[PDB]
Amino acid sequence: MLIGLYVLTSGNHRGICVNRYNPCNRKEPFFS
Amino acid sequence: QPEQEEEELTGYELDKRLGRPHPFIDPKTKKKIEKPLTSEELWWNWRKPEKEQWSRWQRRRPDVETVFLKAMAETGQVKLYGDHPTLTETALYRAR
Amino acid sequence: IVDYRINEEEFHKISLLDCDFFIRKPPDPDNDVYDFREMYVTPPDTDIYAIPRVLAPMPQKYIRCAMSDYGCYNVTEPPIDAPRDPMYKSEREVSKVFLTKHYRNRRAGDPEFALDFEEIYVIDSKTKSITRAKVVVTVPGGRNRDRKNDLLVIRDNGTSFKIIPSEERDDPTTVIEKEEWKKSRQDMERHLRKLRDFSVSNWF
Amino acid sequence: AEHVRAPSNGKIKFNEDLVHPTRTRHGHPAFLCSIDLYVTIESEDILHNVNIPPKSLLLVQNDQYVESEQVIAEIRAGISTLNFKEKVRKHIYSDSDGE
Amino acid sequence: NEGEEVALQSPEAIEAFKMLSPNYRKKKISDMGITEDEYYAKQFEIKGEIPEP
Amino acid sequence: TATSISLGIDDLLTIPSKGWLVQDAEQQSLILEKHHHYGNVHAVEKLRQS
């Protein structure tokens with residue numbers, strides 16, 4: 001049960017892990 | 001400041017900012033070092049043996065990361081210093 | 001210490017986390033006019049009045065201005081001692097106040113309303129000081145550039161001010177993403193430096 | 001009980017007049033510090049500054065190249081008398097017959 | 001003889017520390033004004049009373 | 001159940017620097033053994049270093 005709760009709240013990759021190149025040279029869903 | 005004109009166009013600087021493959025230590029700023037103490041001058045505890053000694057750890061460990069890095073290097077997706085991947089390079093791959 | 005107790009009904013009161021700042025109020029219909037000639041600062045919610053540190057030239061005439069607050073929300077979990085005691089507590093915590101000149105001392109109602117971003121004054125909680133900002137207009141158009149296509153970007157804890165054209169603004173995701181990338185990159189290098197093969201390696 | 005290790009690869013520079021000579025518990029030559037010292041390692045890219053204020057044993061000599069993650073010195077900060085002290089006897093034995 | 005993990009105070013010990021280094025030995029021998037071969041020979045010398053001929 | 005965690009042989013990662021560290025410790029230990037033999041270190045001292 002603890003494993004499941006941790007996975008839900010663990011999160012997402014933030015910088016180098018999610019984008020290869022700096023975001024400078026160049027998330028989307030919005031829900032109500 | 002009507003025209004914003006800041007330009008990092010040197011290959012190293014541009015590559016580092018963008019994130020493209022590049023050498024970690026700048027080739028230009030690498031600096032030579034005065035010779036260190038010779039083996040003889042050092043105290044015994046720190047003196048390398050004259051004949052190489054056998055160990056069970058003499059050969060590098062086989063792994064999935066090394067195989068993939070080599071394969072991608074041939075394709076051209078990554079450029080690596082050298083022809084065989086290093087331990088730091090393998091660590092970065094696990095992350096990305 | 002001034003030694004006189006003022007009538008605060010005639011003063012604008014601006015509250016910051018560690019201080020209360022008072023500036024004189026000339027009478028007006030919408031309450032937007034300010035005199036920087038008289039000012040006093042007081043420890044929070046206490047009434048011994050004192051003179052502020054002024055770090056810049058101040059206006060000598062009435063100016064119509066707009067006020068905004070800069071700061072951080074603090075959410076704390078407080079100890080629970082009774083059956084329905086609060087589970088969380090949230091506080092605004094303002095640290096700086098920015099006052100911006102209305103253009104040509106014009107009024108909100110007018111069709112011609114804009115704000116002059118060239119003149120912005122800052123009040124700082126920690127130092128009990130009032131100063132004027134340094135803006136860098138990078139927007140071509142010269143001094144006469146239209147004030148209907150102007151946006152100000154404030155970064156760096158309130159210490160950087162720039163005016164740029166409107167369409168060239170960055171979306172909210174890009175600002176967050178850019179920051180994360182910088183921090184994450186620097187952190188990985190710090191980890192990998194310890195390894196003995198770092199000099200002979202390549203970022204990829 | 002803490003071992004100062006090396007930040008990066010390079011030559012270790014320090015003044016030897018300040019430190020005083022000794023032999024360690026494991027038999028090696030070493031230097032003992034009773035004043036604070038600054039030791040620098042000159043990696044080609046950068047200079048690393050490390051300090052050893054408490055009585056410490058420095059196990060390196062000026063101009064020695066030291067690789068990363070190698071124990072360069074020992075803090076030995078703790079100075080507590082032990083009531084758990086126990087004297088023990090080891091016996092050496094002979095590997096060949098003779099006089 | 002001195003103790004453990006203690007600054008070496010006896011004069012003989014300090015010289016022994018300095019001689020664990022090859023350069024000190026050569027520099028010192030030059031001061032004594034002897035050839036390299038001579039140092040080797042003095043090592044193999046007879047201590048104690050030397051008898052009369 | 002949906003994420004389905006499991007453990008495999010190659011998920012038991014080891015720190016990148018282990019080989020270098022074990023190899024160096026072994027060198028120090030060999031050198032001390034030659035020296036016990038030649039008379040430059042005593043026995044309580046060998047035990048302790050190890």
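Residues numbered from 1 in each chain as written, not as in the entry; some residues may be left out. Chains lettered and ligands numbered in written order. Part of a larger assembly, values for the part shown. Heavy atoms only, no water. Residues with missing side-chain atoms left out of burial classes, pairs and counts.

### Overview of the overall build of chain F
Consideration 1: Looking only at helices and strands, chain F has two helices and zero strands in total.
Consideration 2: Its C-alpha atoms give chain F a radius of gyration of 20 Å, more than 25% over the compact-globule value 10 Å for 50 residues.
Consideration 3: Structurally, chain F occupies a C-alpha span of about 65 × 20 × 10 Å along its principal axes.
Consideration 4: Burial status across chain F gives 16% buried among its 50 residues.
Consideration 5: Surface accessibility of chain F: about 3,800 Å² in total, with carbon and sulfur atoms responsible for 57%.
Consideration 6: Considering chain F, the positive charge centre built from 4 side chains and the negative charge centre built from 6 side chains are found 13 Å apart. (Helix = DSSP H or I, 4+ residues; strand = E, 2+ residues; numbered from the N terminus. Rg over C-alpha atoms; globule rule 2.2 N^0.38 Å. Buried < 20%, exposed > 50% of the residue type's maximum accessible area, 1.4 Å probe, protein only. Areas by Shrake-Rupley, 256 points an atom, 1.4 Å probe, with all protein chains shown as cover. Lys, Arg positive; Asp, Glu negative; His and termini not counted. Charge placed at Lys NZ, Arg CZ, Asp CG, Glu CD.)

### Quick look at the packing of helix α2 (residues 64–75) of chain B against helix α3 (residues 87–95) of chain B
Residue and element names in this part refer to chain B.
Consideration 1: In contact at an axis separation of 10 Å, α2 and α3 are set at 90° when each is read in the N-to-C sense. As summarised for this structure, α2 and α3 are arranged roughly perpendicular, according to the angle between their axes. Residues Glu65, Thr66, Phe68, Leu69 and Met72 of α2 form the contact with α3, whose participating residues are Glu89, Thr90, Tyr93 and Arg94.
Consideration 2: Among the residues forming the contact of α2 with α3, the class breakdown is four nonpolar, two polar and three charged. (Axes fitted to C-alpha atoms, helices over the stretch in contact; angles between N-to-C directions. Parallel < 35°, antiparallel > 145°, perpendicular 65-115°, else oblique. Contact = heavy atoms within 4.5 Å. Nonpolar A, V, L, I, M, F, W, Y, C, P; charged D, E, K, R; others polar.)

### A short note on the sheet that holds strand β12 (residues 151–155) of chain C
All names here are of chain C.
Consideration 1: Across the sheet, three strands lie side by side as β11-β13-β12; this open sheet has mixed pairing. Both outer strands of the open sheet, β11 (135–137) and β12, are each paired with one neighbouring strand and no more. Each adjacent strand pair in this sheet contributes to an overall mean axis angle of 25°, direction not counted.
Consideration 2: In terms of strand pairing, β11 meets strand β13 (residues 160–164) through three bridges, oriented parallel. Among the inter-strand pairings, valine 137 is bridged to a residue of β13, identified as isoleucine 163. (Pairing = 2+ DSSP bridges.)

### With respect to the interface of chain B and chain C
Consideration 1: Between chain B and chain C, the residue contacts involve 26 residues of the former and 19 residues of the latter.
Consideration 2: Mapped onto the side of chain B that touches chain C, the elements with two or more residues apiece are α1 (11–18), β1 (22–23) and α3 of chain B.
Consideration 3: Residue composition of the side of chain B that touches chain C, by class: 15 nonpolar, five polar and six charged.

### A look at the environment of E:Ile14
Consideration 1: Inspection of the secondary structure assignment puts E:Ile14 in helix α1 (residues 11–18).
Consideration 2: Once residues lying within four places of it in the same chain are set aside, the contact partners of E:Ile14 are E:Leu8 and E:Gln9.

### Brief notes about a nonpolar patch on the surface
Consideration 1: Together, A:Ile3, A:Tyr6, A:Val7 and F:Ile5 line one region of the surface with nonpolar side chains, adding up to about 460 Å² of accessible area.
Consideration 2: Here A:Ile3 lies in helix α1 (residues 2–9). (Patch = residues over 30% accessible without salt bridge, like charges linked within 9 Å, V, L, I, M, F, W, Y side chains within 5 Å. Salt bridge = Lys/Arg side-chain N within 4 Å of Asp/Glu carboxyl O.)

### Concerning the environment of F:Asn40
Consideration 1: As for its placement among the helices and strands, F:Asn40 is situated in the loop between α1 (18–37) and α2 (43–49).
Consideration 2: On the basis of relative accessibility, which here comes to 35%, the residue F:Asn40 falls in the partly exposed class.
Consideration 3: As for F:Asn40 and F:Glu26, which are separated by 14 residues in sequence, their C-alpha atoms are 19 Å apart.
Consideration 4: Setting aside residues no more than four positions away along its own chain, F:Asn40 makes contact with D:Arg23 and F:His35.

### Digging into the nonpolar core
Residue and element names in this part refer to chain D.
Consideration 1: One finds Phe14, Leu37 and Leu58 to be the most contacted residues of the largest nonpolar core, which totals 20 residues.
Consideration 2: Contributing elements (two or more residues each) for this core: β4 (29–33), β5 (38–42) and β9 (71–74).
Consideration 3: Apart from the residues within four sequence positions on either side, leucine 58 is in contact with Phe14, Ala30, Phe31, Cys33, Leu37, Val39, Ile52, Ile72 and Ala73. (Core = buried A, V, L, I, M, F, W, Y, C linked by side-chain atoms within 4.5 Å.)

### Some thoughts on the pattern of salt bridges
Consideration 1: Under the criterion given, the structure shown has 21 salt bridges over all chains.
Consideration 2: Across the pair C:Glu38 and C:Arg24 runs a salt bridge, and its minimum N-O distance is 3.1 Å. Taken as a pair, C:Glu38 in strand β3 (residues 33–42) and C:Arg24 in strand β2 (residues 20–24) lie far apart in primary sequence, 14 residues in all.
Consideration 3: One salt bridge in this structure joins D:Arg25 and E:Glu5, with 4.0 Å as the shortest N-O distance. Of this pair, D:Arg25 sits in the loop between β3 (20–23) and β4 while E:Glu5 is found in the segment before α1, placing the two residues in two different chains.

### Concerning the pairing of strand β10 (residues 129–132) of chain C
For a regular strand, side chains alternate in direction, first toward one face of the sheet and then toward the other.
Residue and element names in this part refer to chain C.
Consideration 1: Pairing of strand β4 (residues 53–54) with β10, which is carried by two bridges, proceeds in the parallel orientation. Residue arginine 53 lies in a different strand from β10, and its bridge partner there is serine 129.
Consideration 2: Taken together, strand β9 (residues 115–124) and the strand that follows it, β10, pair antiparallel across an intervening segment of four residues, in which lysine 128 is found at a positive phi of about 55°.

### A closer look at the side chain of F:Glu45
Consideration 1: Assignment of secondary structure puts F:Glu45 in helix α2.
Consideration 2: Since its relative accessible area comes to 1%, F:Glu45 is described here as buried.
Consideration 3: Here F:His42 takes part through its side chain, which lies 3.3 Å from a polar atom of the side chain of F:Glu45.
Consideration 4: When near neighbours in sequence (up to four residues on either side) are disregarded, F:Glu45 contacts D:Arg23, D:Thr24, D:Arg25, D:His26, D:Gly27, E:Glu4 and F:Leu32. (Polar contact = N/O pair within 3.5 Å; in protein donor to acceptor, adjacent residues only side chain to side chain.)

### Thoughts on the side chain of B:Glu89
Consideration 1: Within the secondary structure, B:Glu89 is located in helix α3.
Consideration 2: The side chain of B:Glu89 is buried and forms no salt bridge, while B:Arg60, the nearest opposite charge, is found at 7.4 Å.
Consideration 3: With residues near it in sequence (within four places) discarded, B:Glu89 still touches B:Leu69, B:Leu80, B:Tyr81, C:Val200, C:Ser201, C:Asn202 and C:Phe204.

### Thoughts on the arrangement of the chains
Consideration 1: When the twelve pairs of chains in contact are compared, the highest contact count belongs to chains B and C.
Consideration 2: The two units chain C and chain E never meet; even their closest C-alpha atoms stay 29 Å apart.

### So, the sheet that holds strand β2 (residues 10–13) of chain D
All names here are of chain D.
Consideration 1: With antiparallel pairing, four strands are arranged side by side in an open sheet as β6-β5-β2-β8. Looking at strand neighbours, the two that pair on one side only are β6 (47–51) and β8 (65–66), the edges of this open sheet.
Consideration 2: With three bridges connecting them, β2 and β5 associate as antiparallel partners. Opposite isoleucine 12, over in β5, you have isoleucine 41 as the bridge partner.

### Things to note about unusual backbone geometry
Consideration 1: Despite not being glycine, D:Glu69 shows a phi value in the positive range, around 55°.
Consideration 2: With respect to the helices and strands, the residue D:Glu69 is situated in the loop between β8 and β9.
Consideration 3: Overall, D:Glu69 belongs to the buried group, its relative accessible area being 13%.
Consideration 4: Despite not being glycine, E:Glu5 shows a phi value in the positive range, around 55°.

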